[PDB]
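S.K.: My structure is stored as protein.cif, with mmCIF, C-alpha atoms and all ligand atoms.
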data_query
#
loop_
_atom_site.label_atom_id
_atom_site.label_comp_id
_atom_site.auth_asym_id
_atom_site.auth_seq_id
_atom_site.Cartn_x
_atom_site.Cartn_y
_atom_site.Cartn_z
CA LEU A 5 0.00 0.00 0.00
CA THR A 6 1.29 3.43 -0.97
CA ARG A 7 1.44 6.25 1.56
CA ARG A 8 -1.65 7.64 -0.21
CA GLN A 9 -3.70 4.46 0.25
CA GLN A 10 -2.58 4.42 3.91
CA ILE A 11 -3.76 8.01 4.46
CA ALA A 12 -7.06 7.16 2.75
CA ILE A 13 -7.61 4.15 5.03
CA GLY A 14 -6.60 6.24 8.02
CA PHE A 15 -9.14 8.95 7.20
CA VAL A 16 -11.93 6.45 6.50
CA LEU A 17 -11.40 4.90 10.00
CA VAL A 18 -11.41 8.29 11.75
CA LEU A 19 -14.45 9.37 9.74
CA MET A 20 -16.30 6.12 10.62
CA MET A 21 -15.62 6.88 14.31
CA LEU A 22 -16.63 10.52 13.84
CA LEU A 23 -19.98 9.42 12.34
CA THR A 24 -20.82 6.46 14.57
CA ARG A 25 -19.43 6.95 18.10
CA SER A 26 -22.74 8.56 19.22
CA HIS A 27 -24.66 5.31 18.69
CA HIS A 28 -23.86 2.03 20.48
CA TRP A 29 -26.25 0.12 18.19
CA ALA A 30 -28.15 0.69 14.95
CA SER A 31 -31.22 2.91 14.61
CA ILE A 32 -33.54 3.83 11.75
CA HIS A 33 -31.42 6.93 11.09
CA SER A 34 -27.85 6.04 12.07
CA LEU A 35 -24.94 3.60 11.92
CA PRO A 36 -23.67 2.08 15.19
CA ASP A 37 -20.24 2.67 16.70
CA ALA A 38 -17.66 0.94 14.45
CA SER A 39 -14.95 1.50 17.10
CA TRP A 40 -14.79 -1.97 18.67
CA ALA A 41 -14.74 -3.75 15.31
CA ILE A 42 -12.05 -1.36 14.06
CA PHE A 43 -9.61 -2.12 16.89
CA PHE A 44 -10.22 -5.87 16.40
CA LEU A 45 -9.69 -5.49 12.61
CA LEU A 46 -6.45 -3.55 13.24
CA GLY A 47 -5.34 -6.59 15.28
CA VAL A 48 -6.20 -8.89 12.39
CA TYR A 49 -4.64 -6.87 9.53
CA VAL A 50 -2.31 -4.07 10.59
CA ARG A 51 1.24 -4.75 11.76
CA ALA A 52 2.26 -1.22 12.83
CA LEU A 53 1.61 -0.88 16.57
CA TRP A 54 1.55 2.96 16.59
CA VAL A 55 -1.82 3.06 14.81
CA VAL A 56 -3.72 1.83 17.86
CA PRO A 57 -2.65 4.63 20.30
CA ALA A 58 -3.21 7.12 17.42
CA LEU A 59 -6.72 5.87 16.81
CA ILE A 60 -7.45 5.94 20.58
CA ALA A 61 -6.43 9.65 20.58
CA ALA A 62 -8.89 10.22 17.74
CA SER A 63 -11.70 8.47 19.65
CA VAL A 64 -11.16 10.68 22.71
CA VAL A 65 -11.21 14.04 20.83
CA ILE A 66 -14.24 12.85 18.91
CA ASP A 67 -16.10 12.06 22.16
CA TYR A 68 -15.08 15.47 23.65
CA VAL A 69 -16.38 17.35 20.60
CA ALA A 70 -19.60 15.30 20.29
CA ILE A 71 -20.45 16.26 23.82
CA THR A 72 -19.00 19.82 24.01
CA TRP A 73 -20.20 21.08 20.64
CA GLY A 74 -22.32 18.32 19.10
CA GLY A 75 -25.01 18.40 21.82
CA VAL A 76 -24.57 14.69 22.75
CA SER A 77 -25.45 13.70 26.34
CA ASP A 78 -22.38 13.48 28.64
CA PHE A 79 -24.13 10.86 30.74
CA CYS A 80 -21.62 8.11 29.75
CA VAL A 81 -18.51 10.15 30.58
CA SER A 82 -17.18 9.64 34.14
CA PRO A 83 -13.99 8.49 35.99
CA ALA A 84 -14.60 5.00 34.46
CA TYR A 85 -14.12 6.41 30.93
CA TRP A 86 -10.45 5.46 30.70
CA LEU A 87 -11.43 1.77 31.04
CA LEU A 88 -12.22 2.06 27.26
CA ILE A 89 -8.47 1.87 26.67
CA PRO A 90 -7.97 -1.70 28.02
CA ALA A 91 -11.18 -2.70 26.15
CA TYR A 92 -9.71 -1.35 22.90
CA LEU A 93 -6.42 -3.19 23.61
CA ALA A 94 -8.27 -6.44 24.42
CA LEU A 95 -10.10 -6.16 21.07
CA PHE A 96 -6.84 -5.45 19.18
CA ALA A 97 -5.20 -8.41 20.95
CA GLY A 98 -8.23 -10.50 19.99
CA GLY A 99 -7.63 -9.77 16.32
CA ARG A 100 -3.91 -10.49 16.63
CA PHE A 101 -4.78 -13.85 18.24
CA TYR A 102 -7.34 -14.79 15.55
CA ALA A 103 -4.73 -13.97 12.86
CA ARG A 104 -1.97 -16.06 14.57
CA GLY A 105 -3.91 -19.33 14.24
CA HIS A 106 -5.28 -20.16 10.76
CA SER A 107 -2.41 -17.99 9.42
CA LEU A 111 -12.50 -22.17 7.21
CA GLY A 112 -11.53 -19.68 9.91
CA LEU A 113 -15.24 -18.69 10.41
CA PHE A 114 -16.51 -20.86 13.35
CA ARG A 115 -13.21 -20.11 15.08
CA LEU A 116 -13.78 -16.41 14.35
CA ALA A 117 -17.21 -16.50 15.98
CA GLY A 118 -15.81 -18.03 19.17
CA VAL A 119 -12.90 -15.55 19.34
CA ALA A 120 -15.27 -12.61 18.72
CA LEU A 121 -17.68 -13.68 21.43
CA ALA A 122 -14.85 -14.05 23.99
CA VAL A 123 -12.91 -10.92 23.10
CA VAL A 124 -16.02 -8.76 22.95
CA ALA A 125 -17.06 -10.25 26.33
CA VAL A 126 -13.76 -9.02 27.78
CA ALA A 127 -14.41 -5.56 26.32
CA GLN A 128 -17.94 -5.63 27.71
CA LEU A 129 -16.79 -6.51 31.22
CA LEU A 130 -14.24 -3.66 31.18
CA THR A 131 -16.73 -1.12 29.81
CA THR A 132 -20.17 -2.09 31.16
CA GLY A 133 -18.56 -3.41 34.35
CA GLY A 134 -16.13 -0.45 34.58
CA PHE A 135 -19.03 1.97 34.22
CA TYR A 136 -21.26 0.21 36.77
CA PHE A 137 -18.54 -0.19 39.37
CA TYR A 138 -16.50 3.03 38.87
CA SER A 139 -18.71 5.64 37.20
CA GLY A 140 -19.91 6.69 40.69
CA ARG A 141 -23.49 6.68 39.35
CA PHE A 142 -24.21 3.42 41.23
CA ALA A 143 -24.37 3.43 45.00
CA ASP A 144 -24.61 -0.34 45.63
CA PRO A 145 -23.25 -2.26 42.61
CA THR A 146 -23.44 -6.04 42.97
CA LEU A 147 -22.44 -9.08 40.95
CA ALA A 148 -26.11 -9.70 40.21
CA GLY A 149 -26.48 -6.10 39.11
CA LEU A 150 -23.35 -6.52 36.94
CA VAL A 151 -24.72 -9.63 35.21
CA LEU A 152 -28.24 -8.07 34.57
CA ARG A 153 -26.38 -5.26 32.76
CA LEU A 154 -24.00 -7.48 30.76
CA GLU A 155 -27.07 -9.51 29.68
CA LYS A 156 -28.79 -6.35 28.42
CA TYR A 157 -25.86 -4.66 26.64
CA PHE A 158 -23.73 -7.54 25.37
CA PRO A 159 -26.16 -8.79 22.65
CA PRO A 160 -26.67 -5.44 20.77
CA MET A 161 -23.05 -4.34 21.16
CA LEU A 162 -21.92 -7.80 19.99
CA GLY A 163 -24.28 -7.49 17.01
CA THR A 164 -22.78 -4.10 16.13
CA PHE A 165 -19.34 -5.73 16.24
CA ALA A 166 -20.46 -8.68 14.08
CA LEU A 167 -22.07 -6.27 11.60
CA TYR A 168 -18.71 -4.64 10.87
CA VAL A 169 -16.50 -7.70 11.18
CA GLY A 170 -19.02 -9.60 9.04
CA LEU A 171 -18.55 -7.02 6.25
CA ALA A 172 -14.75 -7.06 6.61
CA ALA A 173 -14.94 -10.80 6.08
CA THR A 174 -17.10 -10.57 2.96
CA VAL A 175 -14.91 -7.75 1.59
CA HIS A 176 -11.78 -9.88 2.14
CA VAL A 177 -13.23 -13.06 0.55
CA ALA A 178 -14.41 -10.96 -2.42
CA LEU A 179 -11.06 -9.13 -2.91
CA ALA A 180 -9.39 -12.56 -2.60
CA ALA A 181 -11.22 -13.78 -5.72
CA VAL A 182 -10.41 -10.40 -7.37
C1 LIG B 201 -27.75 5.22 26.57
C2 LIG B 201 -26.25 5.27 26.34
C3 LIG B 201 -25.64 6.25 25.59
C4 LIG B 201 -26.41 7.43 24.95
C5 LIG B 201 -26.30 8.65 25.86
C6 LIG B 201 -26.85 8.50 27.28
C7 LIG B 201 -28.36 8.52 27.34
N1 LIG B 201 -28.98 8.75 26.18
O1 LIG B 201 -28.97 8.34 28.42
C8 LIG B 201 -25.52 7.66 23.66
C9 LIG B 201 -25.93 6.66 22.57
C10 LIG B 201 -25.63 9.10 23.13
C11 LIG B 201 -24.17 7.26 24.22
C12 LIG B 201 -23.00 7.74 23.79
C13 LIG B 201 -21.74 7.37 24.30
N2 LIG B 201 -21.47 6.44 25.23
CO1 LIG B 201 -22.88 5.49 26.12
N3 LIG B 201 -24.11 4.25 26.85
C14 LIG B 201 -25.40 4.16 26.89
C15 LIG B 201 -25.92 2.86 27.50
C16 LIG B 201 -26.48 2.04 26.32
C17 LIG B 201 -26.92 2.91 28.68
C18 LIG B 201 -26.55 3.96 29.74
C19 LIG B 201 -26.75 3.39 31.12
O2 LIG B 201 -26.16 2.35 31.52
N4 LIG B 201 -27.58 4.07 31.90
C20 LIG B 201 -27.76 3.76 33.31
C21 LIG B 201 -29.15 3.09 33.51
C22 LIG B 201 -30.25 3.97 32.96
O3 LIG B 201 -29.17 1.84 32.85
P1 LIG B 201 -28.69 0.51 33.71
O4 LIG B 201 -27.57 0.88 34.60
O5 LIG B 201 -28.36 -0.50 32.72
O6 LIG B 201 -30.02 0.20 34.42
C23 LIG B 201 -31.34 0.33 33.96
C24 LIG B 201 -31.67 -0.55 32.76
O7 LIG B 201 -31.10 -1.87 32.81
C25 LIG B 201 -33.21 -0.56 32.87
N5 LIG B 201 -33.80 -1.78 32.35
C26 LIG B 201 -33.76 -3.06 32.86
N6 LIG B 201 -34.36 -3.94 32.10
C27 LIG B 201 -34.83 -3.20 31.01
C28 LIG B 201 -35.54 -3.61 29.88
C29 LIG B 201 -35.87 -2.68 28.89
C30 LIG B 201 -36.69 -3.14 27.70
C31 LIG B 201 -35.45 -1.31 29.02
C32 LIG B 201 -35.64 -0.31 27.91
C33 LIG B 201 -34.77 -0.91 30.17
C34 LIG B 201 -34.47 -1.86 31.15
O8 LIG B 201 -33.53 -0.47 34.24
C35 LIG B 201 -32.34 -0.20 35.00
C36 LIG B 201 -32.68 0.74 36.14
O9 LIG B 201 -32.11 0.29 37.37
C37 LIG B 201 -24.61 2.26 28.06
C38 LIG B 201 -24.60 0.73 27.90
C39 LIG B 201 -23.75 -0.03 28.89
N7 LIG B 201 -23.94 0.28 30.17
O10 LIG B 201 -22.95 -0.90 28.52
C40 LIG B 201 -23.47 3.00 27.34
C41 LIG B 201 -22.11 3.46 28.04
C42 LIG B 201 -22.46 4.10 29.38
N8 LIG B 201 -21.62 4.53 27.17
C43 LIG B 201 -20.33 4.51 27.03
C44 LIG B 201 -19.48 5.50 26.22
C45 LIG B 201 -17.99 5.44 26.44
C46 LIG B 201 -20.08 6.41 25.37
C47 LIG B 201 -19.39 7.46 24.52
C48 LIG B 201 -18.71 8.43 25.53
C49 LIG B 201 -18.36 6.92 23.52
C50 LIG B 201 -18.53 5.48 22.98
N9 LIG B 201 -19.31 5.31 21.92
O11 LIG B 201 -17.94 4.54 23.53
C51 LIG B 201 -20.56 8.07 23.65
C52 LIG B 201 -20.70 9.62 23.65
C53 LIG B 201 -19.60 10.33 22.86
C54 LIG B 201 -19.78 10.50 21.36
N10 LIG B 201 -21.02 10.70 20.93
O12 LIG B 201 -18.80 10.42 20.58
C55 LIG B 201 -19.69 3.37 27.78
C56 LIG B 201 -18.90 3.85 29.01
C57 LIG B 201 -17.54 3.12 29.06
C58 LIG B 201 -16.71 3.24 30.32
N11 LIG B 201 -17.16 4.05 31.22
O13 LIG B 201 -15.62 2.65 30.43
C59 LIG B 201 -20.92 2.43 28.07
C60 LIG B 201 -20.77 1.61 29.38
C61 LIG B 201 -21.00 1.47 26.83
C62 LIG B 201 -19.95 0.39 26.77
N12 LIG B 201 -20.28 -0.83 27.22
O14 LIG B 201 -18.83 0.68 26.27
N13 LIG B 201 -24.33 6.33 25.22
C1 LIG B 202 -5.22 9.84 9.22
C2 LIG B 202 -3.97 9.86 8.37
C3 LIG B 202 -3.33 8.49 8.22
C4 LIG B 202 -1.83 8.46 8.22
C5 LIG B 202 -1.27 7.18 7.65
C6 LIG B 202 0.04 7.37 6.90
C7 LIG B 202 1.25 6.89 7.66
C8 LIG B 202 1.51 5.42 7.49
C9 LIG B 202 2.73 4.97 8.24
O1 LIG B 202 3.20 3.71 7.75
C10 LIG B 202 3.23 2.72 8.72
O2 LIG B 202 4.36 2.93 9.54
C11 LIG B 202 4.78 1.74 10.25
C12 LIG B 202 5.68 2.18 11.38
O3 LIG B 202 6.03 1.08 12.27
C13 LIG B 202 5.45 0.80 9.25
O4 LIG B 202 5.52 -0.52 9.79
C14 LIG B 202 4.72 0.80 7.91
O5 LIG B 202 5.49 1.47 6.91
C15 LIG B 202 3.29 1.38 7.98
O6 LIG B 202 2.28 0.51 8.49
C1 LIG B 203 -9.85 -1.95 9.65
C2 LIG B 203 -8.41 -2.23 9.44
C3 LIG B 203 -8.20 -2.23 7.97
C4 LIG B 203 -6.80 -2.34 7.49
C5 LIG B 203 -6.70 -2.91 6.11
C6 LIG B 203 -5.40 -2.59 5.44
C7 LIG B 203 -4.29 -3.54 5.82
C8 LIG B 203 -4.01 -4.54 4.72
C9 LIG B 203 -3.74 -5.91 5.22
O1 LIG B 203 -2.57 -6.41 4.54
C10 LIG B 203 -2.53 -7.80 4.47
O2 LIG B 203 -3.61 -8.21 3.66
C11 LIG B 203 -3.81 -9.64 3.58
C12 LIG B 203 -5.04 -9.86 2.72
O3 LIG B 203 -5.81 -8.66 2.60
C13 LIG B 203 -3.99 -10.19 4.97
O4 LIG B 203 -4.24 -11.58 4.91
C14 LIG B 203 -2.77 -9.87 5.82
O5 LIG B 203 -2.89 -10.45 7.13
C15 LIG B 203 -2.66 -8.35 5.89
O6 LIG B 203 -1.58 -7.92 6.71
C1 LIG B 204 -4.83 6.98 12.64
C2 LIG B 204 -4.95 5.56 12.08
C3 LIG B 204 -4.10 5.21 10.88
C4 LIG B 204 -4.53 3.89 10.29
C5 LIG B 204 -3.97 3.64 8.90
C6 LIG B 204 -3.56 2.20 8.66
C7 LIG B 204 -2.72 2.05 7.44
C8 LIG B 204 -2.50 0.65 6.98
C9 LIG B 204 -1.16 0.11 7.42
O1 LIG B 204 -0.17 0.07 6.37
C10 LIG B 204 -0.20 -1.08 5.56
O2 LIG B 204 -0.49 -2.22 6.36
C11 LIG B 204 -0.62 -3.45 5.61
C12 LIG B 204 -0.87 -4.53 6.63
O3 LIG B 204 -0.04 -4.35 7.79
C13 LIG B 204 0.63 -3.72 4.76
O4 LIG B 204 0.33 -4.78 3.87
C14 LIG B 204 1.07 -2.49 3.98
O5 LIG B 204 2.35 -2.74 3.41
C15 LIG B 204 1.15 -1.28 4.88
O6 LIG B 204 1.52 -0.14 4.14
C1 LIG B 205 -15.61 -5.57 36.39
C2 LIG B 205 -14.55 -4.99 35.45
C3 LIG B 205 -13.32 -4.53 36.20
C4 LIG B 205 -12.32 -3.58 35.57
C5 LIG B 205 -10.98 -3.53 36.28
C6 LIG B 205 -10.76 -2.28 37.12
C7 LIG B 205 -9.48 -1.55 36.82
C8 LIG B 205 -8.91 -0.83 38.00
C9 LIG B 205 -9.91 0.02 38.67
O1 LIG B 205 -9.39 1.36 38.64
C10 LIG B 205 -9.96 2.16 37.64
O2 LIG B 205 -8.93 2.55 36.76
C11 LIG B 205 -9.38 3.38 35.65
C12 LIG B 205 -8.14 3.80 34.90
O3 LIG B 205 -6.99 3.22 35.54
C13 LIG B 205 -10.23 4.56 36.11
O4 LIG B 205 -10.95 5.03 34.97
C14 LIG B 205 -11.20 4.21 37.23
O5 LIG B 205 -11.63 5.40 37.89
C15 LIG B 205 -10.52 3.41 38.28
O6 LIG B 205 -11.38 3.11 39.38
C1 LIG B 206 -27.72 -19.49 36.49
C2 LIG B 206 -26.26 -19.26 36.18
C3 LIG B 206 -25.44 -18.64 37.29
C4 LIG B 206 -25.41 -17.13 37.23
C5 LIG B 206 -24.17 -16.47 37.83
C6 LIG B 206 -24.37 -15.91 39.24
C7 LIG B 206 -24.43 -14.39 39.36
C8 LIG B 206 -25.83 -13.81 39.52
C9 LIG B 206 -26.67 -13.96 38.29
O1 LIG B 206 -27.25 -12.73 37.84
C10 LIG B 206 -28.49 -12.91 37.23
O2 LIG B 206 -28.34 -13.92 36.26
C11 LIG B 206 -29.59 -14.24 35.60
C12 LIG B 206 -29.40 -15.45 34.72
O3 LIG B 206 -28.72 -16.49 35.43
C13 LIG B 206 -30.02 -13.00 34.82
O4 LIG B 206 -31.21 -13.28 34.09
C14 LIG B 206 -30.24 -11.85 35.80
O5 LIG B 206 -30.57 -10.68 35.08
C15 LIG B 206 -28.93 -11.62 36.54
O6 LIG B 206 -28.91 -10.46 37.37
#
Using structure tokens, write down the structure that the file contains.
Ligand code: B12
Ligand SMILES: CCCCCCCCCO[C@@H]1O[C@H](CO)[C@@H](O)[C@H](O)[C@H]1O
Ligand SMILES: CCCCCCCCCO[C@@H]1O[C@H](CO)[C@@H](O)[C@H](O)[C@H]1O
Ligand SMILES: CCCCCCCCCO[C@@H]1O[C@H](CO)[C@@H](O)[C@H](O)[C@H]1O
Ligand SMILES: CCCCCCCCCO[C@@H]1O[C@H](CO)[C@@H](O)[C@H](O)[C@H]1O
Ligand SMILES: CCCCCCCCCO[C@@H]1O[C@H](CO)[C@@H](O)[C@H](O)[C@H]1O
M.R.:
Amino acid sequence: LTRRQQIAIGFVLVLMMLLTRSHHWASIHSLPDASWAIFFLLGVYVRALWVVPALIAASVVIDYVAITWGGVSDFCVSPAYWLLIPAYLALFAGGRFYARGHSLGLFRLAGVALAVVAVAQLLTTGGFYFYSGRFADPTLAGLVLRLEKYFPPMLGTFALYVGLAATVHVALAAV
């Protein structure tokens, strides 16, 4: 890939974040947050390590703007916010791990996705419940009710985007 193709890819990833990080799952009007799939897909495909911290930086300034200027609720922003970072890293590591084996991969992909997203969900949903300070008496039961509610739609968002990456790749492979 030329420098130009790299810049193009870079901008399309930042733009995707820009356009989707205000929706955790799909609505009639809007695309859901591509962020979790992106970090996973960076794990799968992109060797350069520096891209991950760069794309984290982008996510953070995007959230700040969305809320400061874009009129988006700041409900979700709290001391627990930084727990996004280990979730992003877990997803990236997930994609690295999936690429290591099977260097056919599909039923293996599903199992890897479910596990790696579950780690991200614990860190984020669990981080928020336990450390946002918006919950006076957080319990294990309470944690699990919330994982049960949020995991399916956020997993579906992830599978939407990773699904498409897969079908793009298999296509391009033929081509
Ligand atoms: C709603 C929401 C939003 C809304 C804004 C808030 C709002 N509109 O109230 C939107 C979509 C705008 C939003 C945006 C963001 N969000 Co938000 N958001 C959520 C969500 C889905 C719920 C908030 C919540 O927990 N409220 C607290 C109460 C109301 O809900 P609860 O604790 O679960 O309890 C109630 C429900 O379970 C309800 N209930 C029980 N059963 C049932 C059944 C039904 C049918 C219903 C409807 C309700 C219901 O009753 C309970 C009352 O005790 C959570 C999901 C999650 N927790 O994983 C993320 C979450 C809080 N958001 C998060 C983040 C980070 C963001 C962003 C800052 C960036 C991002 N995309 O990651 C952006 C904003 C910046 C930007 N735009 O660029 C993270 C926080 C991560 C962390 N702290 O480490 C979370 C935890 C998502 C995640 N798993 O990553 N978000
Ligand atoms: C939003 C704008 C996007 C900017 C993208 C252009 C810069 C690309 C840098 O190249 C990357 O540098 C790695 C460093 O380790 C190398 O391994 C490898 O050459 C490549 O992956
Ligand atoms: C959302 C992240 C998107 C990044 C896509 C650009 C990186 C290009 C990937 O190059 C190589 O391509 C082969 C087939 O495409 C892969 O098998 C290989 O593992 C990968 O390293
Ligand atoms: C701010 C985020 C920037 C993200 C931009 C990612 C650019 C893609 C990385 O470069 C390319 O990666 C392929 C797989 O590693 C290599 O096949 C190719 O030779 C290399 O040039
Ligand atoms: C059930 C999921 C558990 C997640 C593991 C908790 C990590 C350590 C707890 O410290 C947390 O560290 C974050 C950054 O270091 C801060 O954002 C947060 O305020 C702080 O309390
Ligand atoms: C039966 C398997 C063992 C469950 C693990 C023990 C922790 C407490 C369980 O939390 C509860 O789990 C229910 C399903 O088990 C959910 O429907 C409910 O919303 C949730 O709050």
S.K.: Near residue 149 (chain A), within 12 Å and counting all atoms listed in the file, which residues show up once chain neighbours fewer than 6 positions away are dropped, as a PDB file with C-alpha atoms, keeping the file's coordinate frame?
M.R.:
ATOM      1  CA  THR A 132     -20.170  -2.090  31.160  1.00  0.00           C
ATOM      2  CA  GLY A 133     -18.560  -3.410  34.350  1.00  0.00           C
ATOM      3  CA  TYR A 136     -21.260   0.210  36.770  1.00  0.00           C
ATOM      4  CA  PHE A 137     -18.540  -0.190  39.370  1.00  0.00           C
ATOM      5  CA  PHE A 142     -24.210   3.420  41.230  1.00  0.00           C
ATOM      6  CA  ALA A 143     -24.370   3.430  45.000  1.00  0.00           C
ATOM      7  CA  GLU A 155     -27.070  -9.510  29.680  1.00  0.00           C
ATOM      8  CA  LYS A 156     -28.790  -6.350  28.420  1.00  0.00           C
TER       9      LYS A 156
END
S.K.: Which is closer to residue 57 (chain A) than all the others in A:12, A:124, A:89, A:129, using all atoms listed in the file?
M.R.: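 Of A:12, A:124, A:89, A:129, the one nearest residue 57 (chain A), counting all atoms listed in the file, is A:89.
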S.K.: Taking (-12.0, -12.2, 5.7) in the file's coordinates as the center, which residues reach within 10 Å of it, counting only C-alpha atoms, put as number ranges by chain?
M.R.: A: 45, 48-49, 112-113, 116, 169-180
S.K.: Enumerate as a PyMOL selection string the residues within 10 Å of ligand LIG 204 (chain B), counting only C-alpha atoms and all ligand atoms.
M.R.: chain A and resi 5-18+42+46-63
S.K.: What does the distance from CA of residue 157 (chain A) to CA of residue 115 (chain A) come to in Å, to one decimal?
M.R.: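 It comes out at 23.1 Å.
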S.K.: Please determine, counting all atoms listed in the file, which residue among A:26, A:147, A:105, A:158 has the shortest atom-to-atom distance to residue 126 (chain A).
M.R.: A:158
S.K.: So the first atom is atom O4 of ligand LIG 201 (chain B) and the second is CA of residue 75 (chain A); what is the distance between them in Å, to one decimal place?
M.R.: 21.8 Å
S.K.: What gap, in Å, lies between CA of residue 22 (chain A) and atom CO1 of ligand LIG 201 (chain B)?
M.R.: 14.7 Å
S.K.: Give me, as JSON lines, each residue of chain A that comes within 8 Å of ligand LIG 201 (chain B), together with its shortest interatomic pair and the distance in Å at one decimal, counting only C-alpha atoms and all ligand atoms, with rows ordered by chain and rising residue number.
M.R.:
{"residue": "A:21", "atom": "CA", "partner": "B:LIG201", "partner_atom": "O12", "distance": 7.9}
{"residue": "A:22", "atom": "CA", "partner": "B:LIG201", "partner_atom": "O12", "distance": 7.1}
{"residue": "A:24", "atom": "CA", "partner": "B:LIG201", "partner_atom": "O12", "distance": 7.5}
{"residue": "A:25", "atom": "CA", "partner": "B:LIG201", "partner_atom": "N9", "distance": 4.2}
{"residue": "A:26", "atom": "CA", "partner": "B:LIG201", "partner_atom": "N10", "distance": 3.2}
{"residue": "A:27", "atom": "CA", "partner": "B:LIG201", "partner_atom": "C9", "distance": 4.3}
{"residue": "A:28", "atom": "CA", "partner": "B:LIG201", "partner_atom": "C9", "distance": 5.5}
{"residue": "A:29", "atom": "CA", "partner": "B:LIG201", "partner_atom": "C9", "distance": 7.9}
{"residue": "A:37", "atom": "CA", "partner": "B:LIG201", "partner_atom": "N9", "distance": 5.9}
{"residue": "A:39", "atom": "CA", "partner": "B:LIG201", "partner_atom": "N9", "distance": 7.5}
{"residue": "A:63", "atom": "CA", "partner": "B:LIG201", "partner_atom": "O12", "distance": 7.4}
{"residue": "A:64", "atom": "CA", "partner": "B:LIG201", "partner_atom": "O12", "distance": 7.9}
{"residue": "A:66", "atom": "CA", "partner": "B:LIG201", "partner_atom": "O12", "distance": 5.4}
{"residue": "A:67", "atom": "CA", "partner": "B:LIG201", "partner_atom": "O12", "distance": 3.5}
{"residue": "A:68", "atom": "CA", "partner": "B:LIG201", "partner_atom": "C53", "distance": 6.9}
{"residue": "A:69", "atom": "CA", "partner": "B:LIG201", "partner_atom": "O12", "distance": 7.3}
{"residue": "A:70", "atom": "CA", "partner": "B:LIG201", "partner_atom": "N10", "distance": 4.9}
{"residue": "A:71", "atom": "CA", "partner": "B:LIG201", "partner_atom": "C53", "distance": 6.1}
{"residue": "A:74", "atom": "CA", "partner": "B:LIG201", "partner_atom": "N10", "distance": 7.9}
{"residue": "A:76", "atom": "CA", "partner": "B:LIG201", "partner_atom": "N10", "distance": 5.6}
{"residue": "A:77", "atom": "CA", "partner": "B:LIG201", "partner_atom": "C5", "distance": 5.1}
{"residue": "A:78", "atom": "CA", "partner": "B:LIG201", "partner_atom": "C52", "distance": 6.5}
{"residue": "A:79", "atom": "CA", "partner": "B:LIG201", "partner_atom": "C6", "distance": 5.0}
{"residue": "A:80", "atom": "CA", "partner": "B:LIG201", "partner_atom": "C42", "distance": 4.1}
{"residue": "A:81", "atom": "CA", "partner": "B:LIG201", "partner_atom": "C48", "distance": 5.3}
{"residue": "A:82", "atom": "CA", "partner": "B:LIG201", "partner_atom": "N11", "distance": 6.3}
{"residue": "A:83", "atom": "CA", "partner": "B:LIG201", "partner_atom": "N11", "distance": 7.2}
{"residue": "A:84", "atom": "CA", "partner": "B:LIG201", "partner_atom": "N11", "distance": 4.2}
{"residue": "A:85", "atom": "CA", "partner": "B:LIG201", "partner_atom": "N11", "distance": 3.9}
{"residue": "A:86", "atom": "CA", "partner": "B:LIG201", "partner_atom": "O13", "distance": 5.9}
{"residue": "A:87", "atom": "CA", "partner": "B:LIG201", "partner_atom": "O13", "distance": 4.3}
{"residue": "A:88", "atom": "CA", "partner": "B:LIG201", "partner_atom": "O13", "distance": 4.7}
{"residue": "A:127", "atom": "CA", "partner": "B:LIG201", "partner_atom": "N12", "distance": 7.6}
{"residue": "A:128", "atom": "CA", "partner": "B:LIG201", "partner_atom": "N12", "distance": 5.4}
{"residue": "A:129", "atom": "CA", "partner": "B:LIG201", "partner_atom": "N12", "distance": 7.8}
{"residue": "A:130", "atom": "CA", "partner": "B:LIG201", "partner_atom": "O13", "distance": 6.5}
{"residue": "A:131", "atom": "CA", "partner": "B:LIG201", "partner_atom": "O13", "distance": 4.0}
{"residue": "A:132", "atom": "CA", "partner": "B:LIG201", "partner_atom": "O10", "distance": 4.0}
{"residue": "A:133", "atom": "CA", "partner": "B:LIG201", "partner_atom": "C60", "distance": 7.4}
{"residue": "A:134", "atom": "CA", "partner": "B:LIG201", "partner_atom": "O13", "distance": 5.2}
{"residue": "A:135", "atom": "CA", "partner": "B:LIG201", "partner_atom": "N11", "distance": 4.1}
{"residue": "A:136", "atom": "CA", "partner": "B:LIG201", "partner_atom": "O4", "distance": 6.7}
{"residue": "A:138", "atom": "CA", "partner": "B:LIG201", "partner_atom": "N11", "distance": 7.7}
{"residue": "A:139", "atom": "CA", "partner": "B:LIG201", "partner_atom": "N11", "distance": 6.4}
{"residue": "A:141", "atom": "CA", "partner": "B:LIG201", "partner_atom": "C20", "distance": 8.0}
{"residue": "A:142", "atom": "CA", "partner": "B:LIG201", "partner_atom": "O4", "distance": 7.9}
{"residue": "A:152", "atom": "CA", "partner": "B:LIG201", "partner_atom": "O7", "distance": 7.1}
{"residue": "A:153", "atom": "CA", "partner": "B:LIG201", "partner_atom": "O5", "distance": 5.2}
{"residue": "A:154", "atom": "CA", "partner": "B:LIG201", "partner_atom": "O10", "distance": 7.0}
{"residue": "A:156", "atom": "CA", "partner": "B:LIG201", "partner_atom": "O7", "distance": 6.7}
{"residue": "A:157", "atom": "CA", "partner": "B:LIG201", "partner_atom": "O10", "distance": 5.1}
{"residue": "A:158", "atom": "CA", "partner": "B:LIG201", "partner_atom": "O10", "distance": 7.4}
{"residue": "A:161", "atom": "CA", "partner": "B:LIG201", "partner_atom": "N12", "distance": 7.5}
S.K.: If you take every atom of region 144-148 of chain A that the file lists and fit an axis-aligned box around them with 4 Å extra on each side, what centre and edge lengths come out in Å to one decimal, as JSON?
M.R.:
{"center_x": -24.3, "center_y": -5.0, "center_z": 42.9, "size_x": 11.7, "size_y": 17.4, "size_z": 13.4}
